[PDB]
């Protein structure tokens, strides 16, 4: 098996492509077998780097027309003479088309390979696929693409690895009444197809040297709005004609150009293409895709209605655009060598997205949200023995399932957090200078992590920055080994101690680390609200008077959580923190109030502080009005809800949250004139939503009356929605849970007739809050019907059902019952496993999960393999955590609830 190259997952080094030409023709009507198909041809010019008698190229779900007895024709280039083909074959597991030759190709000679093929325009959201939408009574069909990571092979045969960069000459044959789009501008006007005038032919300029996973082909009846950016680049926002006319693409137009030129100037690197199209698709798997010159989006990540979309929707739009535009530099111009280093793409994009979004909306202060949405989001998983390093060894990443698995919170959020810290010990101006050199040197090339350290070292040296050692040796600690440390402070002594933080002390770390899980940590600090000097921890244990205290003094580490680590303190320092939070919490920075809450709850799970200490840190929240500290508490306590919302402990917890949030809810009731205004400050808008959501969810009668009143008022006037978009997610879900069949049906019809995906998303999620088990079962059957819920929203909707305490048993039973059938057929098996198992806290549930593993082990879990192992680790920890904390927690809530 493995002896043969066509049974191995990495391409041989024998051939290297130079240039492709591809012609594709989508058929937007089904054939007599009921299939939407595309017909195509292609020629790849490649160079023989090493003599070989076989051509191995990627091919997936493509049916080839035979020419002269074989699936390809091989021709010579500039005198070259190609050997005869013995036979061709398709190797499905490795997704190869293999051409066995009778002779050997000659080193350094060039060859050209012609192929003619057919494929399905399936609704699977991968490769060359189809998207549909209603315009009037007509169902329109769109041909569009999604190649990342390894689906370019699904639209035409190619050497489909990111380091086999090449130029591409795209031609699209399309109905005459439709527009064709690709990475580049068309090479002349669209001409009629001589064979049939009902079709036109659009040829596009040759792309730059590029990875196959960045190609894009789109055929649509879409319209657009355009604006030339201040750096010469033409921006166009494409979407369904009704959305464009209504102005739902106007906000994207307002911010796209400026962000693109901001990035160009910030990194001193021009955007080399003449245009950058943004297009929103009705059917799309991820949030967006950074195809060079033709960025594709989910409608809910690009389109925005000022009167019906919420501020959180607005943040999503500008953030994703910023994320996709950042990829133009980190990903498209400079590309990863192999998927094991994916963070070089997604880590930078997830960090740089905040700089670009902050430039576009400077009044929002979005950069602060990185602590909640990235740092603490990924620390939950990075605190497991089953996590994985930011830069995995390349030998370990081979299959498409292994590759897809790494589009996860490590590569995205941890990558963002190590860059946030990297860009903090060095200045952002020193950081951006090093990256400018990195981008210039490796333009149109591929990089590994060591390539970046070198150019950051060049900046360190030119700017006279003094570090404890090289950028290489500091950042390898955060890149080549998994996890993060917990820095324990003893203020009586001033000693610091670091160690690998694990949510469960009994977890078994099996992955070895060449650094034995010790980091070089840049430590900031404040003393009584006053920043001290920076300090570098370079060993397991150190001592410095910067962390010693006297009398009423208290210190905090990790100012504004710039560093990727958790902090624990001696008992006495904690007490003075808590005393400070009770007397005047403003003395502690807002971000560090969230740190105090989140760190203590996680420390308590790890048996490093008493759970009552973490809960005592939430007592001051009854006087807190800011968004970040409340959201940190609500997120940490969502674990308590997961563990206890099916037990006697939930009552007392709800009463505690009711007590803590009621003054804040009444404050906003006043500040908004009984909910007819919204706060001016964005963060205050989000705290209002959480106050309403928390009050209603924990039984504040005033909020329950308010949300059901607003919803009933809406049903009496369906065409005039009285609910501000910021409150719709909460009002819809709580009105559905409190109501019955009438409210569920009304929202279902509103979802079916929705003209704005932002609105459909809120309705889709609120329909899962029903308290009627029969309604939830019926809704579950809808999620797998593509005519009722788009396949792109299937798993997301199922996850909404499992979050309902009544839906938990329904979905888990459904997953156990239908996994084999499910697995075949766009569908995140990883996220669903994560969602349906996070409530598990008993030996019985662990037994079922173990049996679930055994019953499906041989078929496999694909890109959900790590998710399952992490579910097992967390379930075992949950069992121990509940036995050890149930009575303590029950008593704490009961006493502090009065």
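Numbering follows the first chain given and starts at 1.
Among other deposited entries of this protein with both flanking residues present, at least a third omit coordinates for residue 828. Missing deposited residues between residue 825 and residue 826: 4 to 9, all without coordinates in the entry. The PDB entry records a higher mean C-alpha B factor for 491-499 than for its counterpart among 636-644 and 491-499. The PDB entry records a higher mean C-alpha B factor for 448-456 than for its counterpart among 293-301 and 448-456. Comparing the listed residues 740, 512, 563, 249, the entry records the largest Cα B-factor for 512. Residue-level inspection of the entry shows that, of 335, 531, 796, 319, 531 has the top Cα B-factor.
In the PDB entry, a CA B factor belonging to the highest third of its chain's modelled residues is recorded for residue 49. In this PDB entry, the Cα temperature factor of residue 32 sits in the top third of its chain's modelled residues, the highest group. Annotation for residue 878: CA B-factor lies in the lowest third of the chain's modelled residues.
For residue 864, the recorded CA temperature factor ranks within the lowest third of the chain's modelled residues.
Per the deposited record, the Cα B-factor of residue 858 falls in the highest third when ranked against the other modelled residues of its chain.
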